[PDB]
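# A look at the structure
The lines below spell out each chain.
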Amino acid sequence: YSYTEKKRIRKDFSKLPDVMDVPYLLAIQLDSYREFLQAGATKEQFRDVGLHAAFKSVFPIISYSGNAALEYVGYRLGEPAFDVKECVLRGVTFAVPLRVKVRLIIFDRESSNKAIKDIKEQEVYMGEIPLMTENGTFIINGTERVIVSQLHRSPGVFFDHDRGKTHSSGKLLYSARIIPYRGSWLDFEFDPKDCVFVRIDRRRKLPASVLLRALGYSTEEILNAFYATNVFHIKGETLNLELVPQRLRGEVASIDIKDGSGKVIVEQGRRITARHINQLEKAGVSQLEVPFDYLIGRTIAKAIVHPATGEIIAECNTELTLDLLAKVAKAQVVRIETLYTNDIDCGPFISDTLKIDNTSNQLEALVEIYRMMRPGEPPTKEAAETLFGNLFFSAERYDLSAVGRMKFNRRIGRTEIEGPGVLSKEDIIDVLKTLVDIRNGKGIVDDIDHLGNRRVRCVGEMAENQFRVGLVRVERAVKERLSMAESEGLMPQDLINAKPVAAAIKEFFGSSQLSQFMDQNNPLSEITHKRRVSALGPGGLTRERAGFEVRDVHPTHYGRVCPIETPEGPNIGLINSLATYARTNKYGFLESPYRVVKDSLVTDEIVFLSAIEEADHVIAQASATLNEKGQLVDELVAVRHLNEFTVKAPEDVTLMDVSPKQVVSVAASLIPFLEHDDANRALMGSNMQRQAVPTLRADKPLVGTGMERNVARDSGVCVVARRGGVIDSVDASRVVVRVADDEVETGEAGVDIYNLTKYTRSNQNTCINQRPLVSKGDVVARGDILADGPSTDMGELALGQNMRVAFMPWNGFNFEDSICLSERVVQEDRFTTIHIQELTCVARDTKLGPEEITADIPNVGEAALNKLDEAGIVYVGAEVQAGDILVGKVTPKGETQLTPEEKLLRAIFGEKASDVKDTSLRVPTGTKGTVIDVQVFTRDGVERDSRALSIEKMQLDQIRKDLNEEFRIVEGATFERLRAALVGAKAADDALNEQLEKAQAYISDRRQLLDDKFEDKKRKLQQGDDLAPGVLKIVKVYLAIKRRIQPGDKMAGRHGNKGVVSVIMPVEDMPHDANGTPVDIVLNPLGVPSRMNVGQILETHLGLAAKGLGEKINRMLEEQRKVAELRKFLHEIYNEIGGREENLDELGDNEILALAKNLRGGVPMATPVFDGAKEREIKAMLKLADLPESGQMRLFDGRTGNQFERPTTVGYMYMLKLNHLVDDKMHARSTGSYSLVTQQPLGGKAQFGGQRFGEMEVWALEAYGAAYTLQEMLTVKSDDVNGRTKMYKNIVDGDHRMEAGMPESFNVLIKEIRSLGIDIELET
Amino acid sequence: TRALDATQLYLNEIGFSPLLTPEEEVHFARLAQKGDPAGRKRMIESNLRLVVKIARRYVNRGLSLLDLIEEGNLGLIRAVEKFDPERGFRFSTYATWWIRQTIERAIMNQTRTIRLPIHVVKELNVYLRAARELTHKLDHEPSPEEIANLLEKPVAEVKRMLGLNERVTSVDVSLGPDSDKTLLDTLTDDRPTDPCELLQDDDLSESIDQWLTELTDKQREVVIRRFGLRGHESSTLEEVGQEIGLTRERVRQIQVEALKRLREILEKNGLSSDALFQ
Amino acid sequence: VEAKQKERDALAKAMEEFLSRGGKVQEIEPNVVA
Amino acid sequence: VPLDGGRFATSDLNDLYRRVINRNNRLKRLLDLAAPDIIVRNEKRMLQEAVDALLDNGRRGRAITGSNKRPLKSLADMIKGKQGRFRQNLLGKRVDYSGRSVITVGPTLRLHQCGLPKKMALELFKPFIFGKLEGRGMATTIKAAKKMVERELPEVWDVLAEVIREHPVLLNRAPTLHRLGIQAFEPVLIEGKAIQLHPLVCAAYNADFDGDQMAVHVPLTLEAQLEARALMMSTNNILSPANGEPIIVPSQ
Amino acid sequence: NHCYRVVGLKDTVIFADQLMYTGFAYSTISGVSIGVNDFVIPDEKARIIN
DNA sequence: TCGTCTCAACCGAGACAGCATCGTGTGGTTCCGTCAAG
DNA sequence: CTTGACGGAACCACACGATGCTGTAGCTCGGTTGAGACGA
Ligand SMILES: [Mg+2]
């Protein structure tokens, strides 16, 4: 029992008991980072894939025409010296070195143990490690970016149908897309005219016989082993045939096969049935007599070269004819090798593909694959062989992991799961056998929309591939540099280069699409952006490449891929999510656990089951009747065996579900009543919850799902307790806890600091902060919540707030799906939000004059100079209005060519002719708030501003203050430990002296430790950071806008009901009941029939019941009753039909008062997704708290006062706040600066541009029969020179003439057309 | 089918280049000295293997390989044009040095948009070479402080020298793979091209024209002739001493009292310093 | 895959035989360029 | 243009034109030395691929730039730009006197009027308020006019409300679906930042109040206002262009 | 559509706001809501399912 | 026995050093615009 | 209404590298085109 559960317990309604606790959410990226980095390991590291596996495949090298070797035992990880809270405010991006030890061993180039000169030394730091935090994110140059799990196609060969318009046939085979892990993309297309032709990226179509002859297999042996295995002889009655009963099954025999010494099997014109097959099986006659007319349709496998004749009488892979059989008879051929194909058997398409284009020589295939790669070049056998080896056999620019060989072995059939990483010709034999088996029709075709055909990758494999590419580039550079060098003439450190791997690890996080910016506006976005499964990026399908193939789901995703979590817009279906209980495998495969059930009893152990065995095994349903004996009471349950739902027997199943929340992801599972909603609007509500923003007062959610505390625990913004103990002092800047004597070491017992995250900037310009929820003098446990982040309160996830909500169309304010608020939300500041707005200003150095932070700026009034100091920066916490100068930036100018009007207005006012302009940045329109802090970065060895000195002195006194308070708490812990030690038998004496000396040594070690920590902080804060070149000082001011509720804000609930508020209506216009609480936010009753979600009504009914119980316990606490009445009240609450009771455990004085003070503001529920609360417990909870049972309240009309002749429904709806406000989208522009290619306005002049008046806008404009505004908006608003001037003069003077003129768009067009030399003239 | 490319066609065309003994090149250089259009043609059509071997080393640059083989044969023909056979050595090293000079000129003139002379690109090349040498032992990002300490140069000087290296990217390759919006419509010009700026210019011109027409004649004349606003040139009282007033102090006092009158009528018209210069 | 692993094992065996057959280890500095 | 820190911002057309300039200069310096046939064939082929990279990109040249992976932009990418083979004036056209906002429903307003907040009403009527301020006789300048509309004075609403009651505005959804997405209305003077709309026109918009981004348009001359109140005022386009049913459809 | 076709434009659009206003007022003073008793479940549905 | 009528792939969109002037920095006087002083 | 003094441009000579040139020699779906097929 945790300490947070004593303050808040959740009334659950799960009729099914919980058999498995919710696992770690971000463990996949955690152990992927642990496998790729290998920070904590022994001297014998793991042999799995990663940076060590990428280094061990390349680092043993041999010099061409020389003797050189490089050995390594391992690498050494670097120590992260940059603090996270100082690198988000300085810009260090978590730099961490990585040094390796290379052994340069030389030889005498004779393959013997002679001249063994080994030089074992540590090399330079190969790049910089990312060094991500424990939360699962890493900072990339100030901002925090995360990786996305690439859900590309699985490595291997698939065989689908792909019926399209290009084939123009009902039954056709698709192209075999061989997909390796990196590089060497090969294709195998099946031609419709009984042929097979491979394809390439840029080359044309090539036959499969040339590919086999280039791989190494001869055409005759491949044509023999491809079709069948049958030999023909000439013995006895002029021919001898080997009869096969398997090939003759289902074939209409048109000839006589009466051989067998007077026993006829099938007569002429009789179909071969199973009786003739059984007769041939019981006879066993291997020799049959056929006429010579049947041999004409057969095709030979190899060339028939008789040794007596001396010439080739039959070509390789050719048909037999009436003269060819006579030639083979007269040439005295003993054994004839030919293929046997039937209509009921597989069609001989491989022989027809091998017989095409006369491909029978190895040199012809070599020059064909040389012309396919480099056409029109010098045909060389060695160069083409080396190119084919580097493309197929060698690992040069080609990396394939073992999962592709595992998928190929699972496809073609093999007992060994692990295969070789290099491709061979035997895999080509398996894939040709697989494609002719697919063209025969046996087996099942693969589905490209399956979970097995879409592998979920991570950052580790792609990072290892990029590091391997950079490492083979550095190895090629070192081999090119050390070609003519020697051992004593060169150096092992100077020959290596860590620059290509540093450039590769730079582009892997800076210019890669997979390392996009992390959505940190909401903790749900923070936990779901790690678990995104996107198909885009390199080696995947983009938005236009999706079609109708990867946007659909197969029922093999039972507990693996959640389809109710994808971003709405232009990409739905190809970007997927990861489920809750789904755990990836070692091979990167998505697997889900299942409960093994026998015929009589139910087992306890759980095994993670893959997708390849679920197609053969039966999977039952966990939502079944159980009589507490381990058996199903029903005789028929909805099960699935062949990836399709059906009905089965309870003694026939073998597996069932673990939990019903294993199929849904963590985005949609936070919405209650998922089984009452449709997946469309639940997906929309999950998307708006992922795109949510925090609030000011974090009110706890009324109707909860139970996993709110779990998703608050796994979130990195919360404060997790490493060790338990009592809490000494709680502060909003930092908290400290004591360490008990059980879970502690000998020395340095009490050491626990927790720097709370102050008001800093997120990625979507929203504020983040940590609020403590504990007291002084209380004990905690391991993993306890100390301080909750934004949109989290007192240990649970608390995103928005709740208010009284009814379902009524009220005066057209909630017209279709709109919102009508009340004055309580603006008077109590409930759903208001505060954004932190960034403003990055640079102070660069130009060639005509440098810039600096100088407060003496020309054209500055009194209201601007009063805010800024003698330095040039506004003070901490000043009110910033619209159109205020914040930063100080003066740029010089020379030869400005000033007008006489400007010097006249300068000489009238008597001001000095300042030749230095003012290019200081200002706020946009609609921003009027208060700044909180400013972060300044300067270069190393440059002049520093006095505001920078004030900032660094405030930071150093804050750092010294927290160092002093942690030194104070550790010396208080040491003194209380010594005082608890000396009281035992005080009245031997050598031990006490020893312990005092050990305590003095410990406190002096802590003193010198804080001295070197302060020295490190001073040497890290006084130095300069790596900034952009040409910049003297980089400042950034953090402006916080205190935004309130305005008419037009975005408001949506939890079930996908998007709406906009209308105005600020008062508290009296809304209808009220007889109790005294008027309704606040009124919704429309169209959200329930149109959007297919009835969970609105159930959620608002449970919210009404929860507010009834909360008001009852509030008036019970007001009435000053005893604790026996409160525990009887909790007993009659927690003894419903659903869920379980956890009463009679908490103490009355502490825990009961704690749960009262922490549950007076509402109680949370705990409902599952597919076996949640039924309606009868909701009717009981409505009827026990003096509320109507159907939600049929009787309300009073506030507007007209007439009594309603109908009962209404009110309640409480927990809604969310969105990042769809008006202030970030408002563009305020009347006149904007025109562009350079045409006279169209654009941004950049401290004003946002307009919208795109493209083709559809002007099409809808000329939809009506008008012509004057079409040219007015095209020659007056844009694309003119003097037309706007004469029209403004006509507007100012008043008279209108409407002169036509000549626009500049015709001038741009005539220049762009006469750039090609085109005669254009006017007739007139 | 056949290849519709140029590099393959060039590689097939250069296959007929012979490589005889050095006495043939000695005789060709002797015949090219007196003047004949056969030895120069043979030297330009029989020595392309060294040209393509030079051009294969300068791959992955801001140019194309056709430009590299063109500067190679241009340096070769400039080497054999003014070729002196009195040394009696091989002209392959001379053609190699000429091709090195031509590829240095190609790096100088065909890489960056801003053109550079020889000395600044030479000091940029040795500075980037020194940075490449020191970054192998530094194992971090190259900063100008260590380069200035190693090269015995001031930090501001090497900062101004590295400031010339712009390395400008494209205007269509935006941030990210999905280039839904280019960088042409992002930034604007630095000059005043807004209709607000020109509108304020013409309104201020008409306003000061009305204020000069509403003032006295002598004050408007001394305000228009001195600054050159109302159809006047760039002349002053030293040039208008025989035009308006002979004494410079008298017309200077008239000018400053006219400026004070303009300031007081702007103050009475609702125009102050804070309302004009923010 | 297998050929690179066999070359790595052969190079490791040759380095072990060179280290156990009279050869020593030359410990160069971590930051040294020729 | 000079960028931040002495840098510059150039297009690829400068690079391709400079490259064909240098190749023509090398042609000029090579034609005057009695050159053989093979090198002038190679140089004319080089100029052919150079001017082919000048006019188009992505066919046979495949020229790359320095320290990047994206190909250069030819003059086809100046006459067209991005988004297929559509022109630069046809791909994007940022029109002046516009700005995107979010909409909301206003039920207390008629069909012949609407709502509009003052924060954008001070700028969408900026030449009108400049003409009225210079014609009535309170401020003949324009910089003091900008100062008094940015200082939030008390008289700016009284001098601004004359061109609010009887002045049309245009409003278009940024996802355009049909011809009813553009409309004409009459603003009033309200508080806040977002725009109130007519209730019975969102069905003609096919735009439920889901918090999208809708942009407004204000034409400059009064002739365009008269013809907009003739063509797309909501008392004129009552019938839908599909059939005989009205596009103003009553909601639930 | 019928009253639009028989009266023109101005009387239609002045009828439209008055009909919208009385519809808004009669929606405000109405009292319908979709509840848990709104979705009536017949007892023969489980018989059909079984 | 040959001209014309389909027919399936092909392609493309939504280094180093030296030589001969050279161009604005760097004052150099000089003219100009202004500041006291009667 | 007169007089004499200092700070800021204004071409211009001097000039310090600095421009400029030169020699060493080892996804679906529509317009294009080559190829088989049939009758006068
Ligand atoms: Mg919407």
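Residues numbered from 1 in each chain as written, not as in the entry; some residues may be left out. Chains lettered and ligands numbered in written order. Part of a larger assembly, values for the part shown. Heavy atoms only, no water. Residues with missing side-chain atoms left out of burial classes, pairs and counts.

- Method of determination, as given in the entry header: cryo-EM; reported resolution: 5.8 Å.

### Some points on the overall build of chain D
- Looking only at helices and strands, chain D features 10 helices and six strands.
- In terms of its C-alpha atoms, chain D occupies a principal-axis envelope of roughly 85 × 55 × 35 Å.
- Partitioning the contacts of chain D with sequence separation of at least 6, the portion at a separation of at least 24 is 64%. (Helix = DSSP H or I, 4+ residues; strand = E, 2+ residues; numbered from the N terminus. Contact = heavy atoms within 4.5 Å.)

### So, the overall build of chain C
- When helices and strands are counted, chain C shows one helix and zero strands.
- In terms of its C-alpha atoms, chain C occupies a principal-axis envelope of roughly 35 × 25 × 10 Å.

### Section: the pairing of strand β47 (residues 1031–1043) of chain A
All names here are of chain A.
- Of the strand pairs in this sheet, strand β43 (residues 833–844) and β47 are connected by 12 bridges, and their pairing is antiparallel. Looking at β47, one finds that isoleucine 834 is bridged to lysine 1042.
- Sheet topology places strand β46 (residues 930–938) next to β47; eight bridges connect them, and they run antiparallel. Across the sheet, residue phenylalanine 937 finds its bridge partner in β47, namely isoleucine 1034. (Pairing = 2+ DSSP bridges.)

### Things to note about the interface of chain D and chain E
- On the side of chain E, nine residues touch chain D, which itself brings 14 residues to the contact.
- Partitioning the side of chain D that touches chain E into residue classes produces eight nonpolar, five polar and one charged. (Nonpolar A, V, L, I, M, F, W, Y, C, P; charged D, E, K, R; others polar.)

### Some thoughts on the interface of chain D and chain A
- Taken together, the contact pairs 64 residues of chain D with 69 residues of chain A.
- Every element with two or more residues in the side of chain D that touches chain A is listed here: α3 (76–79), α4 (88–91), β1 (98–101), β2 (103–105), α5 (118–124), α6 (126–136), β6 (214–217) and α10 (222–231) of chain D.
- Among the elements that take part in the side of chain D that touches chain A, α10 of chain D stands out by supplying five residues, more than any other.

### A word on the packing of helix α1 (residues 12–30) of chain D against helix α2 (residues 37–55) of chain D
Residue and element names in this part refer to chain D.
- Orientation of α1 relative to α2, taken along the N-to-C sense of each, is 160°, at an axis distance of 10 Å. Accordingly, the angle class assigned to the pair α1 and α2 is roughly antiparallel. The element α1 and its partner α2 pack so that their crossing is left-handed. Between α1, through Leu16, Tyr17, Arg19, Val20, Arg23, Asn24, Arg26, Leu27 and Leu30, and α2, the contact on the second element is made entirely by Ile39, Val40, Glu43, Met46, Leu47, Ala50, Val51, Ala53 and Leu54.
- Class assignment for the residues of the contact of α1 with α2 results in 13 nonpolar, one polar and four charged. (Axes fitted to C-alpha atoms, helices over the stretch in contact; angles between N-to-C directions. Parallel < 35°, antiparallel > 145°, perpendicular 65-115°, else oblique. Left-handed = near helix turned anticlockwise from the far one by under 90°.)

### Observations regarding unusual backbone geometry
Residue and element names in this part refer to chain A.
- With a phi close to 55°, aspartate 162 is a non-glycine residue in the positive phi region.
- Its place among the elements puts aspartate 162 in the loop between β8 (156–158) and β9 (176–179).
- A positive phi angle, close to 55°, is found at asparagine 859, a residue other than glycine.
- Here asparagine 859 shows up in the loop between β43 and α21 (862–865).

### Notes on the sheet that holds β9 of chain A
Residues and elements named next belong to chain A.
- Judged by pairing direction, the sheet is antiparallel, and its five strands sit side by side in the order β8-β9-β10-β11-β12 without closing on themselves. Edge strands, defined here as strands with exactly one partner in the open sheet, are β8 and β12 (206–207).
- As judged from the two bridges shared by strand β11 (residues 195–199) and β12, these two strands associate in the antiparallel manner. Bridge pairing links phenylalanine 197 to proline 207 in β12.

### Section: helix α12 (residues 248–268) of chain B
- Helix length check: α12 of chain B, at 21 residues, gives a terminal C-alpha distance of 30 Å against a target of 30 Å (1.5 Å per residue), a fit within 8%.
- After α12 of chain B finishes, the residue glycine 270 of chain B shows a positive phi value of roughly 90°. (Expected span 1.5 Å × (residues − 1).)

### Concerning the sheet that holds strand β50 (residues 1081–1083) of chain A
All names here are of chain A.
- Strand order across the open sheet formed by three strands is β50-β42-β53, with mixed pairing between neighbours. Either end of the sheet is taken by a strand with one partner, and the two such strands are β50 and β53 (1210–1214). When the angles between neighbouring strand axes are averaged without regard to direction, this sheet yields 45°.
- The pairing of strand β42 (residues 802–807) with β50 spans three bridges and is parallel. The partner of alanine 806 across the bridge, within β50, is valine 1082.

### Focus on the packing of aromatic side chains
- An angle of 75° between the planes, with centres 5.9 Å apart, marks the rings of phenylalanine 815 of chain A and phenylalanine 24 of chain E as edge-to-face. Remark: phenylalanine 24 of chain E occurs in helix α2 (residues 10–28) and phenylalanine 815 of chain A occurs in the loop between β42 and α20 (824–827); the pair is interchain, linking two chains.
- Members of the aromatic cluster, joined through ring pairs, are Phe138, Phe508 and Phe509 of chain A.
- Over the face of the ring belonging to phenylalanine 608 of chain A we find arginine 583 of chain A, whose NZ or CZ atom lies 4.6 Å from the ring centre.
- The ring centre of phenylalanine 227 of chain B lies 5.4 Å from the NZ or CZ of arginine 226 of chain B, which sits over that ring. (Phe/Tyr/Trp six-rings, centres within 6.5 Å; stacked < 30°, edge-to-face > 60°. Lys NZ or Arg CZ within 6 Å of the ring centre and 35° of its normal.)

### Focus on the pairing of strand β30 (residues 645–648) of chain A
- Note: strand β29 (residues 637–640) of chain A against β30 of chain A, four bridges, orientation antiparallel. Bridging from a neighbouring strand, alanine 638 of chain A pairs with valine 647 of chain A of β30 of chain A.

### Topic: the side chain of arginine 10 of chain A
Residues and elements named next belong to chain A.
- Structurally, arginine 10 can be placed in the loop between α1 (3–7) and β1 (11–12).
- Only 2.5 Å separates the side chain of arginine 10 from the side chain of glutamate 708, close enough to count as a polar contact.
- Looking at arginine 10, its side chain comes within polar contact range of the main-chain oxygen of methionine 1165, at 3.4 Å.
- With residues up to four places along the chain from it excluded, the contact list for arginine 10 reads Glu5, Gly704, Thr705, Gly706, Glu708, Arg709, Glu796, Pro1164, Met1165 and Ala1166. (Polar contact = N/O pair within 3.5 Å; in protein donor to acceptor, adjacent residues only side chain to side chain.)

### Digging into the pattern of salt bridges
- For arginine 78 of chain B, the salt bridge goes to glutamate 81 of chain B, with nearest N and O atoms at 3.6 Å. Of this pair, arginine 78 of chain B and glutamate 81 of chain B both sit in helix α5 (residues 65–81), three residues apart, which is roughly one turn of the helix.
- We note a salt bridge from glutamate 152 of chain D to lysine 119 of chain D, for which the minimum N-O separation is 3.5 Å. Separated by 33 residues along the polypeptide, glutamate 152 of chain D in the loop between α7 (143–150) and α8 (156–160) and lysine 119 of chain D in helix α5 bring together distant segments of the chain.
- Several salt bridges share partner residues, and in doing so they unite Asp67 and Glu70 of chain B together with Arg23 and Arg26 of chain D into one network. (Salt bridge = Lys/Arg side-chain N within 4 Å of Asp/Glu carboxyl O.)

### Quick notes on the environment of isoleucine 129 of chain D
Residues and elements named next belong to chain D.
- Counting through the fold element by element, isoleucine 129 comes out in helix α6.
- Separated by 38 residues in sequence, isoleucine 129 and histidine 167 place their C-alpha atoms 12 Å apart.
- Residues within four places of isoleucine 129 in sequence aside, it is in contact with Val159 and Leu160.

### Focus: the side chain of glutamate 851 of chain A
Residue and element names in this part refer to chain A.
- Along the chain, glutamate 851 turns up in the loop between β43 and α21.
- Among the polar contacts listed, one links the side chain of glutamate 851 to the backbone nitrogen of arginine 844, at a separation of 3.4 Å.
- At a separation of 3.2 Å, a polar atom in the side chain of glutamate 851 contacts the side chain of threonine 891.
- Leaving out residues up to four positions away in the same chain, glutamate 851 has contacts with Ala843, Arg844, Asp845, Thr846, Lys889, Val890, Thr891 and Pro892.

### Some details on the environment of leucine 574 of chain A
- Structurally, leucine 574 of chain A is set in the loop between β24 (561–562) and β25 (576–578).
- When neighbours within four sequence positions are excluded, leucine 574 of chain A is seen to be in contact with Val533, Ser534, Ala535, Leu541, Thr542, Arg543, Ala546, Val550 and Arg551 of chain A.

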